[PDB]
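One structure is given below, encoded as structure tokens.
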Amino acid sequence: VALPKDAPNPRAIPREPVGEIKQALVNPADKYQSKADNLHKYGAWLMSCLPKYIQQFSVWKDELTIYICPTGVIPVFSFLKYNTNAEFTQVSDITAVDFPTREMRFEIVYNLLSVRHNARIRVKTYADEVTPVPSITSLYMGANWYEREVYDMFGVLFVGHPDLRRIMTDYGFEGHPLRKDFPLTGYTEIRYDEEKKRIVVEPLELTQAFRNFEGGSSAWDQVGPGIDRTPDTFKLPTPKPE
Amino acid sequence: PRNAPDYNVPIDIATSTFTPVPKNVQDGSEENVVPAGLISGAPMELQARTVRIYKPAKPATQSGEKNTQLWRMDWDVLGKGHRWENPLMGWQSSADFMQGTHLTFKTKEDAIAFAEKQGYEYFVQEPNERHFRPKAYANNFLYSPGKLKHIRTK
Amino acid sequence: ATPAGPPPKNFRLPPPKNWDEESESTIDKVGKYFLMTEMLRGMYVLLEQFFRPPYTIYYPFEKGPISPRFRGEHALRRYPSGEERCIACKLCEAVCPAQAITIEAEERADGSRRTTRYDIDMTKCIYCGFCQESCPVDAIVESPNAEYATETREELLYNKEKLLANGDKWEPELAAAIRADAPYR
Amino acid sequence: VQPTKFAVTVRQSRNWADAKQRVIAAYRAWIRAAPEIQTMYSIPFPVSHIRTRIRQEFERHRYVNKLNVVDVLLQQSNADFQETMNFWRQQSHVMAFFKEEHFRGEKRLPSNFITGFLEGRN
Amino acid sequence: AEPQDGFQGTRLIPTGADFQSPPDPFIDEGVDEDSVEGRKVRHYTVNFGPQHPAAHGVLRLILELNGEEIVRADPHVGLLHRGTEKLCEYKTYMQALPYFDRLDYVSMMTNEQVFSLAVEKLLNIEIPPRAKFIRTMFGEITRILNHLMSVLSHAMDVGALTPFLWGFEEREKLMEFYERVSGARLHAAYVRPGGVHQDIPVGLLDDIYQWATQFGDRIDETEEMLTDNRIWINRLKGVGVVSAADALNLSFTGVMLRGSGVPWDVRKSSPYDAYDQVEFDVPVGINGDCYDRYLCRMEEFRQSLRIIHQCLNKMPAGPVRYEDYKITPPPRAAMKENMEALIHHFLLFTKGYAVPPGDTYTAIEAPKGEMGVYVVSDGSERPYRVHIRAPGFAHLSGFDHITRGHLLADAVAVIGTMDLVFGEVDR
Amino acid sequence: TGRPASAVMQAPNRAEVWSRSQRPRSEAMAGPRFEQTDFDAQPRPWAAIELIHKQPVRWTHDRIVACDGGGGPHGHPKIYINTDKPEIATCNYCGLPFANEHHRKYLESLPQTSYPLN
Amino acid sequence: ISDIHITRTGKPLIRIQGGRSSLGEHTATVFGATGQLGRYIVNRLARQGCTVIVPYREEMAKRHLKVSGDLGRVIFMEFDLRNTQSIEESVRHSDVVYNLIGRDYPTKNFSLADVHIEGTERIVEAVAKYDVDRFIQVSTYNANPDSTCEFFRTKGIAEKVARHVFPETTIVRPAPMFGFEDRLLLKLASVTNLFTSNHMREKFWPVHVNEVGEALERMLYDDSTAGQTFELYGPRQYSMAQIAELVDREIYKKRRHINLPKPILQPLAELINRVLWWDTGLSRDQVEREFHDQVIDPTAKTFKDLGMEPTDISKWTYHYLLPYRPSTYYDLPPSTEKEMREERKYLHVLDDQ
Amino acid sequence: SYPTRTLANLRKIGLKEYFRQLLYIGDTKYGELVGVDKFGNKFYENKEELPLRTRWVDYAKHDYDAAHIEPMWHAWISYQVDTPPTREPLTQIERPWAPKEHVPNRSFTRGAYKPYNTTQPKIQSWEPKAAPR
Ligand SMILES: NC(=O)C1=CN([C@@H]2O[C@H](COP(=O)(O)OP(=O)(O)OC[C@H]3O[C@@H](n4cnc5c(N)ncnc54)[C@H](OP(=O)(O)O)[C@@H]3O)[C@@H](O)[C@H]2O)C=CC1
Ligand SMILES: *P(=O)(O)OCC(C)(C)[C@H](O)C(=O)NCCC(=O)NCCSC(=O)CCCCCCCCCCCCC
Ligand code: SF4
Ligand code: SF4
Ligand SMILES: [Zn+2]
């Protein structure tokens with residue numbers, strides 16, 4: 001083996017000993033207080049400009065969320081697409097979350113990106129098993145397949161959509177798997193039938209039944225209530241005594 | 001006809017030899033309730049089986065009560081199809097597609113609303129609560145004028 | 001599409017150059033077309049590879065490199081005494097990402113806490129190694145053995161008699177890999 | 001039908017006159033298509049059995065008196081029509097809609113109490 | 001009063017076609033007879049797929065053709081939809097992490113990076129500096145690994161077959177480093193909430209430096225074959241051209257976004273890990289075509305190598321794992337010696353750690369574009385909802401808008417310039 | 001089945017089961033799947049229970065003794081065993097025997113003992 | 001149909017009636033499972049949760065049978081009709097044993113005597129050696145101990161030896177079977193040069209292999225079928241020429257019929273069978289089979305006794321012959337004037353591509 | 001290989017051994033004997049070859065198989081250790097339960113492993129005893 005002859009063994013070099021390592025303790029939420037006031041300000045401006053649809057807004061750390069009426073979908077996303085201070089020209093993601101304890105089961109979550117302002121915004125609305133939501137493929141061509149997924153996986157129906165068909169599931173599939181009443185292994189299974197010369201569909205049997213270890217969740221709450229971190233600019237002034 | 005099992009319900013693809021015979025299948029006409037079980041794509045068997053809505057009791061084994069705070073909706077076990085022994089490995093096989101599925105609800109009426117929306121049969125179990133009684137460390141050392149009838153040992 | 005604030009210094013492209021503004025001599029430009037010089041260079045790079053040593057390994061006589069942390073087929077180990085290390089805590093059963101482990105335990109004749117069943121579905125397992133990170137007694141490991149294709153998948157339902165037989169077989173190599181990686185675990 | 005051959009933009013029924021018009025047009029297309037479904041999917045049934053079985057699937061929802069429920073039931077039909085008329089569904093999905101090609105057959109619930117008792121709930 | 005007011009249809013939902021507005025008439029930019037102009041032309045459909053390369057394993061795209069050109073392209077996906085997002089609801093957070101290795105299966109440690117960063121944000125924890133550098137080094141080793149698959153499989157489809165084999169030895173060498181830190185050549189499971197599973201072995205940073213000294217020569221010879229080659233140039237110029245405005249409107253990220261002249265990288269715009277500590281450049285194209293996206297990807301080879309060398313020189317000492325046993329597993333030696341450590345060991349492997357309630361959308365600059373996850377937490381030990389945003393899912397959705405009017409031999413080039421692994425697209 | 005000794009004897013070292021819910025190999029390896037089969041090729045590990053009781057006692061002068069399994073960090077979690085009963089005390093994790101030197105007279109007088117005791 | 005089965009020996013079975021992962025609790029041994037009938041009996045037991053022991057001669061052939069069952073259900077045993085140990089150990093655990101083994105021709109290793117007698121002997125002696133509960137012998141239609149046909153003779157003699165040593169034998173005498181992968185419809189479908197000596201004038205009652213496969217399941221499930229003989233056949237009388245025209249009416253195939261007299265055909269038939277190593281479809285004994293007509297035993301039970309309806313072959317020809325239907329754009333009918341007009345609204349050439 | 005390398009190794013191993021290797025490994029290769037497996041396999045090392053080719057095996061059987069390598073040598077051939085089992089103390093542990101011979105992968109043969117249930121049936125049924133009449 002012909003060694004490079006001016007490339008020495010990097011392992012043969014001795015390293016300077018590291019003694020006592022010290023790291024400060026940081027609270028990562030603390031880095032987000034400097035932008036907490038404007039994120040609240042922007043959400044406050046948004047719901048004054050569209051009082052007809054924006055029910056509330058929340059702020060967690062760097063995330064501002066806007067809560068809207070389902071019928072306000074087209075106006076709100078138009079304002080967030082074509083406003084000069086709201087130049088949010090990407091849909092990053094549209095998905096649903098299921099809350100069977102609500103009268104409107106489905107929360108529709110939109111995540112939007114503004115390359116102009118290096119900013120993100122989340123828009124939430126609600127839907128039901130029968131209550132449809134406006135499609136926004138009139139504003140974002142990229143939102144088309146996302147709504148097919150929400151429909152395919154949840155059953156939510158998007159008025160105005162061209163070609164709202166299943167995107168993920170099999171062709172004659174019945175059910176919406178991301179619903180919380182839908183079982184994990186489904187209701188049907190497939191196999192090849194020698195006597196019928198095709199693949200047939202059967203009721204589900206499992207050689208091993210799925211073992212659900214949810215019951216081992218701590219009898220004690222482990223996170224607690226948290227900490228309130230609202231700007232003083234969005235708290236009500238307190239009445240001074242006397 | 002008054003809880004009579006409709007033996008002539010039209011089965012579907014997922015109906016099996018373990019599916020019970022339903023009494024009522026959501027026609028889509030009942031007042032004030034969405035017929036969600038009619039448009040859900042779920043099998044008919046969901047409309048035959050009963051679910052239990054209850055608040056889980058605190059374990060006897062420990063004093064945390066986090067799991068008693070929310071209502072759980074679960075499916076009742078059937079007489080056949082819940083578990084059998086696998087002939088090969090001895091594993092436990094099942095035909096119950098609902099065996100590992102449970103739902104959580106904040107109030108009892110939220111669970112009832114969901115059950116009726118999906119056409120489930122439901123039995124609600126009312127929580128068992130404690131009876132408050134003031135407890136005092138000082139009683140451990142109360143004075144007995146007469147016979148002791150108890151030797152407290154800390 | 002660009003960030004807010006002043007546009008980047010010279011973000012806008014220069015105006016396009018006309019064909020006769022380009023800096024490339026006709027001789028150089030026409031020669032590169034007809035002689036196909038850039039394609040000639042690439043063919044020459046393949047001649048350079050031709051006369052370089054190949055990368056190939058003759059398997060099964062020469063094997064590729066595997067680290068002490070390699071994740072192969074499972075094994076149940078013993079102590080130096082000969083007792084099984086496994087005490088049936090079931091931690092490896094709880095953490096299994098794919099529910100591949102089924103354990104049934106009871107009190108042994110001598111009163112010791114030991115498993116009666118220990119099955120691993122080798123066709124459910126994802127070879128994550130989680131089962132062996134969670135062990136408090138180093139009882140379950142993954143040997144460096146990757147060569148065990150079988151004929152039937154019934155052969156891939158490892159029961160406790162096979163997993164102990166594997167540990168007896170592979171113990172020197174299991175003890176060696178543990179000895180290397182224990183400081184990092 | 002801009003993106004696909006049988007695509008229909010998702011529409012919300014304006015009233016019951018409109019909603020019944022759409023149902024009848026949905027049923028008409030399906031029973032029209034039954035000869036075309038029986039050759040492509042090589043269904044070993046008469047076109048009459050296919051048409052009478054298509055009728056059953058509309059006969060299930062004849063008593064729906066909610067307009068929001070009809071539109072989801074119409075969208076489900078239109079999507080099923082699109083994936084059947086384009087050869088997207090496999091013969092296995094299509095002839096699995098007929099609930100007699102189970103090796104247990106159409107008779108899969110017990111007939112009455114006693115026959116399901118002697119067979120252990122079927 | 002939905003759904004009650006919807007029973008009789010007293011309200012209609014305002015569709016986007018209601019809010020359509022006529023274009024301004026003034027500044028607006030651009031029949032039946034005996035002639036053959038009125039005559040119609042029939043089209044025929046074609047079933048494309050599966051191609052030989054591994055990445056496009058489950059693609060059944062149905063094209064409508066007018067002669068040779070593509071009229072409309074309809075991809076049918078779902079052939080590798082395995083229900084990951086549902087199975088993640090029945091697992092603890094640590095148990096759900098291996099699901100992310102199997103999303104984009106050529107870029108494993110960056111899939112598990114976005115899941116760790118999302119969970120760590122809800123945990124409200126700061127991970128130690130050493131794991132920050134370990135993660136940014138192995139995130140760029142991952143980026144090189146993916147680009148070796150993506151660029152060389154793209155050219156193998158286009159018909160150049162030799163660069164593929166050369167760079168898969170480079171791939172074969174860079175998977176030895178995966179198997180040394182973990183024990184897997186493909187699915188490491190190495191990056192975890194709170195840092196990394198185990199410290200790197202004691203001679204690895206020397207072995208990566210030895211690989212580093214020669215990797216540029218591998219890019220240069222791969223570049224010898226494709227960059228100036230006229231056949232390569234004439235098969236990617238003008239192919240799959242997307243405007244900057246449309247790439248944004250189509251949900252394009254990454255080089256699909258960057259090849260049309262938009263300067264934008266998640267690493268520069270929302271820095272994560274040790275990316276704010278490293279100097280690197282961002283290749284941005286001009287003409288929005290496949291040739292630009294090939295040239296942008298080759299430049300990232302050289303930029304990822306430039307980051308890996310910087311990470312080697314700034315590798316600090318200290319824990320590679322968040323120093324808190326209520327979140328990360330204690331050392332084996334502690335668990336076998338200290339009471340508190342065995343308790344924390346036991347509960348982490350059975351119940352798991354609780355994540356505080358809330359939701360977060362977290363994105364990273366994945367090698368195939370922007371990869372993000374939406375995690376709803378219920379304050380418990382299992383995720384209430386995990387949603388994966390896959391860059392290729394949005395890219396394949398814009399395949400019809402981009403391949404329209406192109407030839408089928410052009411469309412195979414468009415499939416490879418979009419970094420497409422179908423386990424990513426179907427989750 | 002039946003004819004080979006390996007199909008009949010529960011382990012090479014031991015002939016009988018060592019727990020109440022253990023299946024005998026005679027009944028586990030009956031049936032059709034074990035026809036046309038080599039039973040000497042079948043996995044048959046040595047029984048741990050027989051090996052642990054061949055272990056000599058650690059005599060100790062202390063009331064509490066510490067067992068970590070004998071391999072440092074390669075053993076089990078370190079625990080403490082009390083040897084104050086006139087019996088042999090055994091580690092719960094590994095089974096090794098411990099006995100106080102005060103009970104040597106009594107232990108040496110027993111007819112049958114659960115560990116070799118020497 | 002019941003959940004409890006007390007076997008003829010007396011042990012009880014507690015079955016759970018479902019599909020693949022279920023518990024049928026019947027253990028079966030099917031001899032002759034790699035042919036065309038055996039795949040229907042095997043699949044029917046296996047897909048309902050029963051162990052099926054499948055003795056096989058060739059490894060490759062048996063492979064399609066394992067798909068029908070879950071792990072531990074289809075067990076394969078290497079066996080030879082002249083190795084008794086292989087037969088013995090195949091039936092020691094079985095509740096029911098089937099025997100479907102049978103050729104139509106002599107080989108260089110088996111005369112119709114060796115197969116149907118020396119194998120049934122060797123096999124039923126094992127059934128009697130282990131007190132197996134049900135033993136079902138599939139014989140042939142027209143089986144008769146004194147017949148000019150060695151197939152009807154040697155298969156008729158097996159029926160004798162079956163009950164001489166096992167009196168509780170079900171006999172099953174099926175008509176020529178038809179369907180997927182048969183030698184009846186597929187013969188008329190596939191061959192081109194066809195040799196006969198009785199003008200294709202055989203008359204019989206063709207039966208679908210699928211009801212035969214389903215019927216053999218029900219003889220296991222009814223204890224009353226034990227010890228009697230069945231005659232499975234279809235609903236309508238048919239002649240081979242009438243059967244062929246159905247094949248003809250579906251597929252539109254032209255075949256050569258040679259129909260050489262019996263004296264010049266049979267001596268020649270032996271030769272071709274003695275030198276060609278594949279089943280050539282004509283042999284000495286097979287030609288003699290052409291002259292007989294099926295005669296239905298009036299003392300034997302039928303489909304109806306098993307609650308079953310046979311189907312005729314006319315309702316099935318389109319199904320099992322559709323794969324053999326060469327239909328391109330060429331063979332289409334001449335076009336009508338209405339559709340000729342429709343073509344004038346299209347351009348049939350792309351002049352810019 | 002290349003002529004300079006293959007020529008030198010002929011000058012070492014001889015023409016009868018040169019043909020042995022062409023039949024099995026397919027390379028002309030020379031190195032020092034490092035040790036023998038219990039299964040009879042022989043191990044060679046040469047620091048002067050291409051990387052990952054410094055260690056190889058000459059199998060004892062004609063129908064060789066990668067499962068014929070004894071476990072501690074398996075770690076050596078895979079570059080997982082540098083000390084061969086000939087100087088590794090971990091192989092000098094006495095373990096009477098340890099296998100006496102090397103058993104290879106035993107699938108595709110009548111000795112293939114067959115799983116079974118290890119536990120007893122869950123529910124015991126009544127053994128009927130009819131009282132006398
Ligand atoms: N199908 C029909 O038209 C009719 C058939 N029958 C009888 O029904 C039974 C089953 O019918 P079918 O499925 O068509 O038969 P096939 O000829 O298709 O299959 C017969 C089976 O017997 C086995 N076999 C044949 N000869 C021997 C031998 N010497 N030793 C061991 N095994 C042997 C074959 O195994 P291998 O493939 O290895 O040879 C095969 O599994 C046969 O007895 C047949 O004669 C009765 C009346 C009509
Ligand atoms: P007449 O006035 O008596 O009845 C007319 C209707 C039915 C409209 C009633 O007046 C009515 O108002 N009924 C309630 C409205 C209603 O029917 N809602 C549902 C309509 S959509 C629907 O029923 C869809 C059924 C399934 C569609 C697919 C059927 C075929 C699928 C399988 C085909 C075979 C395999 C490929
Ligand atoms: S192998 Fe380890 S983790 Fe698994 S049950 Fe045994 S002791 Fe517990
Ligand atoms: S490596 Fe396999 S057996 Fe172990 S925990 Fe992971 S999936 Fe389960
Ligand atoms: Zn111990």
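A note on names: the letters A, B, ... follow the listed sequences, proteins ahead of strands, and every chain is numbered from 1. Every heavy atom of this structure was used, including side-chain atoms; hydrogens, water molecules and symmetry mates were not.
If you measure heavy-atom distances from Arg121(D) to chain B, the contacts under 4.5 Å come from both the backbone and the side chain. Using a 4.5 Å cut-off between heavy atoms, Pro5(B) makes no contact with chain D at all. For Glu106(D), the parts sitting under 4.5 Å from any heavy atom of chain B are the backbone and the side chain alike. For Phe113(D), the parts lying under 4.5 angstrom from a heavy atom of chain B are both the backbone and the side chain.
Aromatic ring pairs are classed by plane angle as parallel below 30°, tilted from 30° to 60° and perpendicular above 60°; the pair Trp84(B) and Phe18(B) is parallel.
Scanning residues 87-104 of chain B against chain D with a 4.5 Å non-hydrogen threshold yields no residues. For residues 40-67 of chain B, a heavy-atom distance under 4.5 Å to chain D picks out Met44(B), given by residue number.
There is no side-chain donor-acceptor pair under 3.5 Å between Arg104(D) and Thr17(B). Of the N and O atoms on the side chains of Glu100(D) and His49(D), at least one donor lies less than 3.5 Å from an acceptor on the other residue.
Closest of all the heavy-atom pairs between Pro110(D) and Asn122(D) is N-ND2, 3.3 Å. The nearest pair of heavy atoms linking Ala19(D) to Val70(D) is CB-CG1, 4.4 Å. Minimum heavy-atom separation, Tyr122(B) to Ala115(B): CD2-CB, 3.8 Å. Taking every heavy atom of both residues into account, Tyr41(D) and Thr84(D) meet most closely at OH-O, 3.1 Å. Considering every non-hydrogen atom in both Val64(D) and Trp16(D), the closest pair reads O-CH2, 3.5 Å.
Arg55(D) is listed as a side-chain neighbour of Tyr27(D), based on a closest heavy-atom distance under 4.5 Å. Two residues are said to be in side-chain contact when any heavy atoms from C-beta on lie closer than 4.5 Å; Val10(D) and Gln75(D) meet this criterion.
Looking only at heavy-atom pairs under 4.5 Å with chain D, the residue among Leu38(B), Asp12(B), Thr19(B) that has the most is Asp12(B). Comparing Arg60(D), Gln56(D), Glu119(D), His102(D) by how many heavy-atom pairs each has under 4.5 Å with chain B, the most go to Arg60(D).
Under a cut-off of 6.0 angstrom, the local environment of CD in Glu30(B) is sparse, with at most 12 non-hydrogen atoms contributed by other residues, nucleotides or ligands.
Partner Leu74(D) forms a side-chain contact (heavy atoms from CB on, under 4.5 Å) with one of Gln12(D), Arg22(D), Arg11(D) and no other, that one being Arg22(D).
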